[PDB]
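Pasted below: start_17.txt, compact mmCIF, N, CA, C and O atoms and all ligand atoms.
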# COMPACT_ATOMS: atom_id res chain seq x y z
N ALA A 1 0.83 -1.19 0.00
CA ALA A 1 0.00 0.00 0.00
C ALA A 1 0.87 1.25 0.00
O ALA A 1 1.89 1.31 0.68
N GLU A 2 0.46 2.24 -0.78
CA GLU A 2 1.15 3.52 -0.77
C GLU A 2 0.95 4.22 0.56
O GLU A 2 -0.06 4.03 1.24
N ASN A 3 1.92 5.05 0.94
CA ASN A 3 1.82 5.81 2.17
C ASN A 3 2.80 6.96 2.12
O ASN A 3 3.95 6.79 1.70
N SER A 4 2.34 8.14 2.53
CA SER A 4 3.18 9.33 2.62
C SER A 4 3.08 9.84 4.05
O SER A 4 2.04 10.36 4.46
N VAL A 5 4.16 9.67 4.81
CA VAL A 5 4.17 10.10 6.20
C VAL A 5 4.08 11.61 6.26
O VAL A 5 4.74 12.33 5.49
N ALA A 6 3.25 12.12 7.17
CA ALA A 6 3.02 13.56 7.25
C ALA A 6 4.23 14.25 7.85
O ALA A 6 4.16 14.81 8.95
N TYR A 7 5.35 14.23 7.13
CA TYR A 7 6.58 14.83 7.63
C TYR A 7 6.49 16.34 7.57
O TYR A 7 6.12 16.92 6.54
N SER A 8 6.83 16.99 8.68
CA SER A 8 7.06 18.42 8.69
C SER A 8 8.08 18.72 9.78
O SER A 8 8.24 17.97 10.74
N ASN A 9 8.75 19.85 9.62
CA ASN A 9 9.89 20.24 10.43
C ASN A 9 9.52 20.83 11.79
O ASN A 9 10.40 21.38 12.46
N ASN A 10 8.26 20.72 12.22
CA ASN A 10 7.94 21.01 13.61
C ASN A 10 6.83 20.12 14.17
O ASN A 10 6.20 20.49 15.16
N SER A 11 6.58 18.95 13.58
CA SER A 11 5.48 18.10 14.01
C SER A 11 5.99 16.70 14.32
O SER A 11 6.83 16.15 13.61
N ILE A 12 5.45 16.12 15.39
CA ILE A 12 5.81 14.78 15.83
C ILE A 12 4.54 13.96 16.01
O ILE A 12 3.45 14.50 16.21
N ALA A 13 4.68 12.65 15.90
CA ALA A 13 3.59 11.71 16.16
C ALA A 13 4.04 10.79 17.28
O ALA A 13 5.10 10.16 17.18
N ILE A 14 3.24 10.70 18.34
CA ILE A 14 3.59 9.96 19.54
C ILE A 14 2.48 8.96 19.82
O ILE A 14 1.31 9.34 19.81
N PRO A 15 2.79 7.68 20.04
CA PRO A 15 1.74 6.72 20.34
C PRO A 15 1.07 7.02 21.67
O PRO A 15 1.70 7.50 22.61
N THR A 16 -0.22 6.73 21.73
CA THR A 16 -0.98 6.86 22.96
C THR A 16 -1.41 5.51 23.53
O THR A 16 -1.93 5.47 24.65
N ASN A 17 -1.19 4.42 22.80
CA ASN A 17 -1.60 3.10 23.24
C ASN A 17 -0.61 2.08 22.69
O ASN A 17 0.31 2.42 21.95
N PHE A 18 -0.83 0.82 23.02
CA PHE A 18 0.08 -0.22 22.58
C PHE A 18 -0.64 -1.55 22.55
O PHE A 18 -1.65 -1.76 23.23
N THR A 19 -0.10 -2.46 21.74
CA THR A 19 -0.56 -3.84 21.66
C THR A 19 0.59 -4.77 22.00
O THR A 19 1.70 -4.59 21.48
N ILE A 20 0.33 -5.74 22.87
CA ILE A 20 1.31 -6.76 23.20
C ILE A 20 1.11 -7.89 22.20
O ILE A 20 0.18 -8.69 22.32
N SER A 21 1.97 -7.96 21.20
CA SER A 21 1.84 -8.95 20.14
C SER A 21 2.75 -10.13 20.41
O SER A 21 3.74 -10.04 21.14
N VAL A 22 2.40 -11.27 19.82
CA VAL A 22 3.21 -12.48 19.90
C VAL A 22 3.47 -12.96 18.49
O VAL A 22 2.53 -13.28 17.75
N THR A 23 4.73 -12.99 18.10
CA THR A 23 5.18 -13.51 16.82
C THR A 23 5.64 -14.95 17.01
O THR A 23 5.90 -15.40 18.12
N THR A 24 5.73 -15.69 15.90
CA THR A 24 6.20 -17.06 15.92
C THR A 24 7.34 -17.23 14.92
O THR A 24 7.22 -16.81 13.77
N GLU A 25 8.44 -17.82 15.38
CA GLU A 25 9.57 -18.16 14.52
C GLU A 25 9.84 -19.65 14.62
O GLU A 25 9.74 -20.23 15.71
N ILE A 26 10.16 -20.28 13.50
CA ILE A 26 10.35 -21.72 13.44
C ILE A 26 11.69 -22.00 12.78
O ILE A 26 11.92 -21.58 11.65
N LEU A 27 12.56 -22.72 13.49
CA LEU A 27 13.92 -22.96 13.01
C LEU A 27 14.26 -24.44 13.11
O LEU A 27 14.14 -25.02 14.21
N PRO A 28 14.66 -25.10 12.02
CA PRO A 28 15.19 -26.45 12.14
C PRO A 28 16.47 -26.46 12.96
O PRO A 28 17.27 -25.53 12.92
N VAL A 29 16.66 -27.54 13.72
CA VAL A 29 17.82 -27.64 14.60
C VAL A 29 18.65 -28.87 14.24
O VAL A 29 19.88 -28.85 14.34
N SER A 30 17.99 -29.91 13.75
CA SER A 30 18.68 -31.15 13.45
C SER A 30 17.94 -31.89 12.35
O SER A 30 16.76 -31.64 12.09
N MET A 31 18.65 -32.81 11.70
CA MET A 31 18.09 -33.65 10.66
C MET A 31 18.17 -35.11 11.09
O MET A 31 18.56 -35.43 12.21
N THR A 32 17.81 -36.00 10.17
CA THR A 32 17.84 -37.43 10.46
C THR A 32 19.26 -37.96 10.36
O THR A 32 19.94 -37.77 9.35
N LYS A 33 19.71 -38.62 11.42
CA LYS A 33 21.03 -39.25 11.43
C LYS A 33 20.94 -40.56 10.67
O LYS A 33 20.17 -41.45 11.04
N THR A 34 21.74 -40.70 9.62
CA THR A 34 21.73 -41.89 8.79
C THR A 34 23.12 -42.52 8.75
O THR A 34 24.13 -41.84 8.91
N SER A 35 23.14 -43.83 8.53
CA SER A 35 24.36 -44.60 8.43
C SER A 35 24.24 -45.55 7.24
O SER A 35 23.13 -45.94 6.86
N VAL A 36 25.38 -45.92 6.67
CA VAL A 36 25.41 -46.68 5.43
C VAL A 36 26.31 -47.89 5.60
O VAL A 36 27.14 -47.96 6.52
N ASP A 37 26.14 -48.86 4.71
CA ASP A 37 26.94 -50.08 4.70
C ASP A 37 27.22 -50.46 3.25
O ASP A 37 26.30 -50.80 2.51
N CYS A 38 28.50 -50.40 2.86
CA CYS A 38 28.86 -50.76 1.49
C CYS A 38 28.65 -52.24 1.22
O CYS A 38 28.14 -52.62 0.16
N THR A 39 29.02 -53.10 2.18
CA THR A 39 28.94 -54.54 1.96
C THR A 39 27.50 -55.00 1.76
O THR A 39 27.29 -56.12 1.28
N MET A 40 26.52 -54.17 2.11
CA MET A 40 25.12 -54.48 1.86
C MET A 40 24.49 -53.62 0.78
O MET A 40 23.49 -54.04 0.19
N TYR A 41 25.05 -52.45 0.48
CA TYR A 41 24.46 -51.58 -0.53
C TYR A 41 25.02 -51.85 -1.92
O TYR A 41 24.28 -52.23 -2.83
N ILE A 42 26.33 -51.67 -2.09
CA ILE A 42 26.93 -51.81 -3.41
C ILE A 42 26.90 -53.26 -3.87
O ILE A 42 26.51 -53.56 -5.01
N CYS A 43 27.29 -54.17 -3.00
CA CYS A 43 27.47 -55.58 -3.34
C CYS A 43 26.64 -56.46 -2.42
O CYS A 43 27.14 -57.39 -1.78
N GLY A 44 25.35 -56.14 -2.33
CA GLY A 44 24.43 -56.81 -1.42
C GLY A 44 24.55 -58.31 -1.37
O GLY A 44 24.46 -58.99 -2.40
N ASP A 45 24.83 -58.83 -0.16
CA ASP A 45 24.90 -60.25 0.19
C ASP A 45 25.45 -61.14 -0.92
O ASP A 45 24.90 -62.21 -1.20
N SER A 46 26.56 -60.72 -1.53
CA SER A 46 27.21 -61.48 -2.59
C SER A 46 28.71 -61.31 -2.43
O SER A 46 29.26 -60.25 -2.76
N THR A 47 29.38 -62.35 -1.91
CA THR A 47 30.81 -62.25 -1.63
C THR A 47 31.65 -62.12 -2.89
O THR A 47 32.79 -61.65 -2.81
N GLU A 48 31.13 -62.53 -4.05
CA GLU A 48 31.88 -62.37 -5.29
C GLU A 48 32.07 -60.90 -5.62
O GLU A 48 33.14 -60.49 -6.07
N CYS A 49 31.03 -60.09 -5.41
CA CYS A 49 31.11 -58.66 -5.72
C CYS A 49 32.06 -57.95 -4.76
O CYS A 49 32.91 -57.16 -5.20
N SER A 50 31.94 -58.23 -3.46
CA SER A 50 32.62 -57.44 -2.44
C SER A 50 34.12 -57.38 -2.70
O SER A 50 34.76 -56.34 -2.44
N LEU B 1 40.89 -47.89 14.58
CA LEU B 1 41.55 -46.61 14.79
C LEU B 1 42.99 -46.60 14.32
O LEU B 1 43.59 -45.52 14.26
N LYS B 2 43.56 -47.75 13.97
CA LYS B 2 44.97 -47.87 13.63
C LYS B 2 45.85 -47.31 14.74
O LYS B 2 46.83 -46.60 14.50
N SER B 3 45.48 -47.61 15.98
CA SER B 3 46.21 -47.13 17.14
C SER B 3 46.11 -48.16 18.25
O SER B 3 45.15 -48.92 18.32
N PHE B 4 47.12 -48.17 19.12
CA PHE B 4 47.15 -49.13 20.21
C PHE B 4 46.40 -48.64 21.44
O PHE B 4 45.82 -49.46 22.16
N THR B 5 46.39 -47.34 21.70
CA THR B 5 45.68 -46.77 22.83
C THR B 5 44.34 -46.22 22.34
O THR B 5 44.31 -45.33 21.48
N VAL B 6 43.25 -46.75 22.88
CA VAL B 6 41.91 -46.35 22.50
C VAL B 6 41.40 -45.36 23.55
O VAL B 6 41.30 -45.70 24.73
N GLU B 7 41.09 -44.14 23.11
CA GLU B 7 40.51 -43.16 24.01
C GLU B 7 39.09 -43.55 24.38
O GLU B 7 38.41 -44.26 23.64
N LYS B 8 38.65 -43.10 25.55
CA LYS B 8 37.30 -43.41 26.01
C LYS B 8 36.27 -42.89 25.03
O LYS B 8 36.34 -41.73 24.60
N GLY B 9 35.32 -43.73 24.67
CA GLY B 9 34.28 -43.34 23.74
C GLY B 9 33.58 -44.56 23.17
O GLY B 9 33.68 -45.66 23.72
N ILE B 10 32.88 -44.34 22.07
CA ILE B 10 32.15 -45.38 21.36
C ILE B 10 32.55 -45.32 19.90
O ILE B 10 32.56 -44.23 19.30
N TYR B 11 32.90 -46.46 19.32
CA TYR B 11 33.46 -46.52 17.98
C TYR B 11 32.75 -47.58 17.15
O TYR B 11 32.44 -48.66 17.63
N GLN B 12 32.50 -47.24 15.88
CA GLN B 12 31.95 -48.18 14.91
C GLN B 12 33.06 -49.09 14.42
O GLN B 12 34.02 -48.62 13.79
N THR B 13 32.95 -50.39 14.68
CA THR B 13 34.00 -51.34 14.32
C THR B 13 33.63 -52.21 13.12
O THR B 13 34.34 -52.22 12.12
N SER B 14 32.51 -52.94 13.21
CA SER B 14 32.16 -53.92 12.20
C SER B 14 30.68 -53.78 11.86
O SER B 14 29.98 -52.91 12.39
N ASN B 15 30.21 -54.65 10.97
CA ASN B 15 28.81 -54.67 10.54
C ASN B 15 28.27 -56.07 10.77
O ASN B 15 28.52 -56.98 9.98
N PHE B 16 27.52 -56.24 11.86
CA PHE B 16 26.88 -57.51 12.15
C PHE B 16 25.84 -57.83 11.09
O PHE B 16 25.09 -56.95 10.65
N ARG B 17 25.79 -59.10 10.69
CA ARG B 17 24.93 -59.57 9.61
C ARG B 17 24.43 -60.96 9.97
O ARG B 17 25.24 -61.87 10.17
N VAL B 18 23.11 -61.13 10.04
CA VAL B 18 22.56 -62.47 10.17
C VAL B 18 22.67 -63.18 8.82
O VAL B 18 22.32 -62.62 7.78
N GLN B 19 23.17 -64.41 8.84
CA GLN B 19 23.42 -65.08 7.58
C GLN B 19 22.42 -66.20 7.36
O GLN B 19 21.99 -66.86 8.31
N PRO B 20 22.03 -66.45 6.11
CA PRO B 20 21.03 -67.49 5.84
C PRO B 20 21.56 -68.88 6.14
O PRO B 20 22.76 -69.14 6.08
N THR B 21 20.64 -69.78 6.46
CA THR B 21 20.97 -71.16 6.77
C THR B 21 20.54 -72.14 5.68
O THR B 21 21.35 -72.97 5.26
N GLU B 22 19.30 -72.06 5.22
CA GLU B 22 18.80 -72.94 4.17
C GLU B 22 18.59 -72.17 2.87
O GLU B 22 18.50 -70.94 2.85
N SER B 23 18.50 -72.92 1.78
CA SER B 23 18.26 -72.39 0.44
C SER B 23 16.91 -72.93 -0.03
O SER B 23 16.83 -74.01 -0.61
N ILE B 24 15.86 -72.16 0.24
CA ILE B 24 14.51 -72.57 -0.13
C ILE B 24 14.32 -72.44 -1.63
O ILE B 24 14.77 -71.46 -2.25
N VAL B 25 13.67 -73.43 -2.23
CA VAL B 25 13.29 -73.40 -3.63
C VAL B 25 11.82 -73.79 -3.73
O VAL B 25 11.43 -74.86 -3.26
N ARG B 26 11.01 -72.92 -4.33
CA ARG B 26 9.57 -73.14 -4.42
C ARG B 26 9.11 -72.97 -5.86
O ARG B 26 9.40 -71.95 -6.49
N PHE B 27 8.39 -73.96 -6.36
CA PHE B 27 7.86 -74.00 -7.71
C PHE B 27 6.50 -74.67 -7.65
O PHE B 27 6.23 -75.44 -6.72
N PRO B 28 5.62 -74.41 -8.62
CA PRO B 28 4.23 -74.87 -8.50
C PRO B 28 4.13 -76.38 -8.58
O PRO B 28 5.10 -77.09 -8.85
N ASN B 29 2.91 -76.87 -8.34
CA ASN B 29 2.66 -78.30 -8.35
C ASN B 29 3.04 -78.90 -9.70
O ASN B 29 2.66 -78.37 -10.76
N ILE B 30 3.80 -79.99 -9.67
CA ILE B 30 4.29 -80.62 -10.89
C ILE B 30 3.13 -81.39 -11.52
O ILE B 30 2.76 -82.48 -11.08
N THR B 31 2.54 -80.81 -12.56
CA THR B 31 1.43 -81.41 -13.28
C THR B 31 1.72 -81.35 -14.78
O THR B 31 2.71 -80.75 -15.21
N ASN B 32 0.84 -81.97 -15.56
CA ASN B 32 0.96 -82.02 -17.02
C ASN B 32 2.30 -82.63 -17.43
O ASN B 32 3.15 -81.99 -18.04
N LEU B 33 2.47 -83.90 -17.07
CA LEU B 33 3.68 -84.62 -17.46
C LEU B 33 3.63 -84.93 -18.95
O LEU B 33 2.58 -85.27 -19.50
N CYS B 34 4.78 -84.82 -19.61
CA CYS B 34 4.81 -84.95 -21.05
C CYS B 34 4.49 -86.39 -21.47
O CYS B 34 4.93 -87.34 -20.82
N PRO B 35 3.74 -86.57 -22.56
CA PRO B 35 3.34 -87.92 -22.97
C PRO B 35 4.50 -88.72 -23.53
O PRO B 35 5.02 -88.42 -24.61
N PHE B 36 4.91 -89.75 -22.79
CA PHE B 36 5.95 -90.66 -23.25
C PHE B 36 5.60 -92.13 -23.09
O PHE B 36 6.20 -92.96 -23.79
N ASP B 37 4.66 -92.48 -22.22
CA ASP B 37 4.23 -93.87 -22.12
C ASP B 37 3.55 -94.34 -23.40
O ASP B 37 3.55 -95.54 -23.69
N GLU B 38 2.96 -93.42 -24.16
CA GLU B 38 2.34 -93.77 -25.43
C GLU B 38 3.36 -94.04 -26.52
O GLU B 38 3.03 -94.71 -27.50
N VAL B 39 4.58 -93.53 -26.38
CA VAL B 39 5.63 -93.78 -27.35
C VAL B 39 6.68 -94.76 -26.82
O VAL B 39 7.30 -95.47 -27.63
N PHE B 40 6.87 -94.85 -25.51
CA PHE B 40 7.83 -95.79 -24.94
C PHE B 40 7.21 -97.16 -24.68
O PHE B 40 7.89 -98.18 -24.83
N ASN B 41 5.94 -97.20 -24.30
CA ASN B 41 5.22 -98.44 -24.02
C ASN B 41 4.11 -98.57 -25.06
O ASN B 41 2.97 -98.15 -24.82
N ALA B 42 4.44 -99.16 -26.20
CA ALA B 42 3.47 -99.34 -27.28
C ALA B 42 3.96 -100.46 -28.19
O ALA B 42 5.14 -100.50 -28.54
N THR B 43 3.05 -101.35 -28.57
CA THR B 43 3.37 -102.45 -29.47
C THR B 43 3.12 -102.11 -30.93
O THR B 43 3.36 -102.95 -31.80
N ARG B 44 2.63 -100.91 -31.22
CA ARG B 44 2.33 -100.47 -32.59
C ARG B 44 3.38 -99.50 -33.11
O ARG B 44 3.04 -98.48 -33.73
N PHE B 45 4.65 -99.77 -32.84
CA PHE B 45 5.73 -98.95 -33.38
C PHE B 45 5.61 -98.82 -34.89
O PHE B 45 5.39 -99.80 -35.59
N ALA B 46 5.75 -97.59 -35.37
CA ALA B 46 5.59 -97.32 -36.79
C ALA B 46 6.71 -97.98 -37.59
O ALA B 46 7.73 -98.40 -37.05
N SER B 47 6.50 -98.07 -38.90
CA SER B 47 7.51 -98.62 -39.78
C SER B 47 8.70 -97.67 -39.89
O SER B 47 8.59 -96.47 -39.61
N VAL B 48 9.84 -98.22 -40.30
CA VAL B 48 11.04 -97.40 -40.42
C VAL B 48 10.88 -96.37 -41.53
O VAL B 48 11.28 -95.21 -41.37
N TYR B 49 10.31 -96.76 -42.67
CA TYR B 49 10.01 -95.77 -43.69
C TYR B 49 8.76 -94.97 -43.34
O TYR B 49 8.69 -93.76 -43.60
N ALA B 50 7.77 -95.62 -42.74
CA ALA B 50 6.53 -94.97 -42.33
C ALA B 50 6.57 -94.53 -40.87
O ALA B 50 5.69 -94.87 -40.08
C1 LIG C 101 10.04 24.35 7.71
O1 LIG C 101 8.80 23.90 7.16
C2 LIG C 101 8.00 24.92 6.54
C3 LIG C 101 6.71 24.27 6.13
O2 LIG C 101 5.58 24.99 6.62
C4 LIG C 101 8.77 25.52 5.37
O3 LIG C 101 8.01 26.56 4.79
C5 LIG C 101 10.11 26.06 5.86
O4 LIG C 101 10.87 26.51 4.74
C6 LIG C 101 10.90 24.98 6.60
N1 LIG C 101 12.12 25.55 7.16
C7 LIG C 101 13.18 25.86 6.41
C8 LIG C 101 14.35 26.44 7.15
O5 LIG C 101 13.20 25.69 5.20
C1 LIG C 102 -5.84 0.82 24.32
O1 LIG C 102 -6.57 -0.15 23.56
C2 LIG C 102 -7.36 -1.03 24.35
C3 LIG C 102 -7.96 -2.05 23.41
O2 LIG C 102 -6.95 -2.67 22.62
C4 LIG C 102 -8.42 -0.22 25.11
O3 LIG C 102 -9.17 -1.10 25.94
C5 LIG C 102 -7.74 0.85 25.95
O4 LIG C 102 -8.72 1.68 26.56
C6 LIG C 102 -6.82 1.70 25.09
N1 LIG C 102 -6.11 2.67 25.91
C7 LIG C 102 -6.29 3.99 25.81
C8 LIG C 102 -5.47 4.84 26.74
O5 LIG C 102 -7.09 4.48 25.02

Write-out of the structure in structure tokens:
Amino acid sequence: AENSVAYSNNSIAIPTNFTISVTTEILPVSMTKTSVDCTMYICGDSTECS
Amino acid sequence: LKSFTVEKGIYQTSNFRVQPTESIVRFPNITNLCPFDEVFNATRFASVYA
């Protein structure tokens, strides 16, 4: 939205009230810990391949 | 670790694997045997030219 603040060199705007607002922030902290096995992945249960 | 002194901690050494014991083979019911008693057990053997 457009807005032009009523700026002038002898005028001020002062709040007379207030709102106690609550914001929400969401941050990842960790991921899934994974582990791998070559003897089962690349050459699954086959001693000739390994 | 390729070292003789192991510092206190927990270390990944090997990969435990349960190994198979039997080799199961499963195939459907043996039916529709090929006809050979009609050619092996028969007194009406055809002629050599016929
Ligand atoms: C202060 O603002 C007024 C607006 O009414 C303007 O006329 C005046 O020139 C401003 N002061 C100066 C020093 O320019
Ligand atoms: C400020 O706003 C609240 C409602 O949000 C109102 O109850 C209260 O009277 C207001 N305070 C003043 C000083 O106007």

Fill in: Between atom O of residue 17 of chain B and atom O of residue 45 of chain A - distance in Å to one decimal
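So the answer is 11.4 Å.
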
Practice prompt. Mind the document's chain letters and residue numbers, and return as a ChimeraX atom specification the residues of segment 1-44 of chain B that DSSP labels alpha helix (DSSP H).
Written response: /B:37-40

Worksheet item: When the cut-off is 8 Å and you count only N, CA, C and O atoms and all ligand atoms, which residues lie near ligand LIG 102 (chain C), shown as a PyMOL selection string?
Response: chain A and resi 16-20

Go ahead and write the residues just picked, N, CA, C and O atoms, as a short mmCIF file (atom, residue, chain, number, x, y, z; two decimals), keeping the file's coordinate frame.
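Done, and the output landed in part08.cif:
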data_model
loop_
_atom_site.label_atom_id
_atom_site.label_comp_id
_atom_site.auth_asym_id
_atom_site.auth_seq_id
_atom_site.Cartn_x
_atom_site.Cartn_y
_atom_site.Cartn_z
N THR A 16 -0.22 6.73 21.73
CA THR A 16 -0.98 6.86 22.96
C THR A 16 -1.41 5.51 23.53
O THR A 16 -1.93 5.47 24.65
N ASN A 17 -1.19 4.42 22.80
CA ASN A 17 -1.60 3.10 23.24
C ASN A 17 -0.61 2.08 22.69
O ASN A 17 0.31 2.42 21.95
N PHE A 18 -0.83 0.82 23.02
CA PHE A 18 0.08 -0.22 22.58
C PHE A 18 -0.64 -1.55 22.55
O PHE A 18 -1.65 -1.76 23.23
N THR A 19 -0.10 -2.46 21.74
CA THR A 19 -0.56 -3.84 21.66
C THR A 19 0.59 -4.77 22.00
O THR A 19 1.70 -4.59 21.48
N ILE A 20 0.33 -5.74 22.87
CA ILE A 20 1.31 -6.76 23.20
C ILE A 20 1.11 -7.89 22.20
O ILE A 20 0.18 -8.69 22.32
#

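Neighbouring residues of ligand LIG 101 (chain C) at a cut-off of 7 Å, counting all atoms listed in the file, are residues 8, 9 and 10 of chain A.
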
Selection above as a file: N, CA, C and O atoms, as a CSV table (one decimal), keeping the file's coordinate frame:
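So the final result, stored in out.csv, reads:
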chain,number,residue,atom,x,y,z
A,8,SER,N,6.8,17.0,8.7
A,8,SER,CA,7.1,18.4,8.7
A,8,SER,C,8.1,18.7,9.8
A,8,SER,O,8.2,18.0,10.7
A,9,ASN,N,8.8,19.8,9.6
A,9,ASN,CA,9.9,20.2,10.4
A,9,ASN,C,9.5,20.8,11.8
A,9,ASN,O,10.4,21.4,12.5
A,10,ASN,N,8.3,20.7,12.2
A,10,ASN,CA,7.9,21.0,13.6
A,10,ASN,C,6.8,20.1,14.2
A,10,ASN,O,6.2,20.5,15.2

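Here atom O of residue 38 of chain A and atom C of residue 20 of chain B stand 18.5 Å from one another.
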
Discussion item. Using only C-alpha atoms, I'd like every residue of chain A that has an atom within 12 Å of chain B; please write them out as an MDAnalysis selection string.
Written reply: chainID A and resid 35:40 44:46

Item to complete: May I ask for the distance between atom C of residue 43 of chain A and atom CA of residue 18 of chain B, given in Å to one decimal place?
Response: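 Separating atom C of residue 43 of chain A from atom CA of residue 18 of chain B is a distance of 14.5 Å.
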